[PDB]
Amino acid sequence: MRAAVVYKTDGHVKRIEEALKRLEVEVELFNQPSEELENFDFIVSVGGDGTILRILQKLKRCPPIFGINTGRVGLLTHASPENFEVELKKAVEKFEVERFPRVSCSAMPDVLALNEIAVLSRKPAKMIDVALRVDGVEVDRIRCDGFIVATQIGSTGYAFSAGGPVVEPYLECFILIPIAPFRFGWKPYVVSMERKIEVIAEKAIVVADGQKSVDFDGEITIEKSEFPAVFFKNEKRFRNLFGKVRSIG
């Protein structure tokens, strides 16, 4: 096997190299993500949740990712720098995998998002008027700072901050929620991920996973893609969800 180790800072990189060596895995080192990372049997990510998002932006077909958390909460990670060698060994020897859907949006065809597509005002302190359709039906029209279309994995990201519910990783769905909605009443809406979401807004910017973005006007379609994020199975993922969420900051 050949693995890619992608790191932001090189604190623990030597020990990771030595672990993968003891495991008879060939190692290539990267300090920035690239599409070349598709050419590996697996990817070791050193950093945080954000680091995994940036790696994912470079992958269409996704080799399984093992995350070592130096970041903070690490909802996407499998180990810390203190316990990684035991966890990495178990992960590669078992080689069990887990998949989470990513979505696309029509304003950025070849971009994929694990957390959310967000549609925001191009100018801060400026509202946009957002119309929401789902499978062709008009669901809402609200003036707001922006509007989030998140997966369940994204329920703990921006959607969370906007007031959304925590949804467990293994319940596939969309969370549709506004940021600073200027209306007396509003609610987050949770719908099946097999549906097609349409957002219409003038003078907007669309943003996938806080990374790639483009200005747009009018209609954008968001739908589940065929290219999921792939991670080594983290067998305590559901258990760890609720403690991690309560630590968010």
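So that there is no doubt, residue numbering starts at 1 and follows the sequence shown.
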If you average the CA temperature factors as listed in the entry, which stretch comes out higher, 159-167 or 134-142?
134-142
On average, are the C-alpha B-factors higher in 65-73 or in 197-205?
65-73
Check where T51 lands among this chain's C-alpha B-factors and tell me if it's the lowest, middle or highest third.
highest
Thinking about Cα B factors across the chain, which third does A79 belong to?
highest
Would the CA B-factor of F147 place it in the lowest, middle or highest third of its chain?
lowest
Third assignment of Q211 from its chain's C-alpha B-factors:
highest
CA B-factor placement of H12, once the chain's modelled residues are sorted into thirds
highest
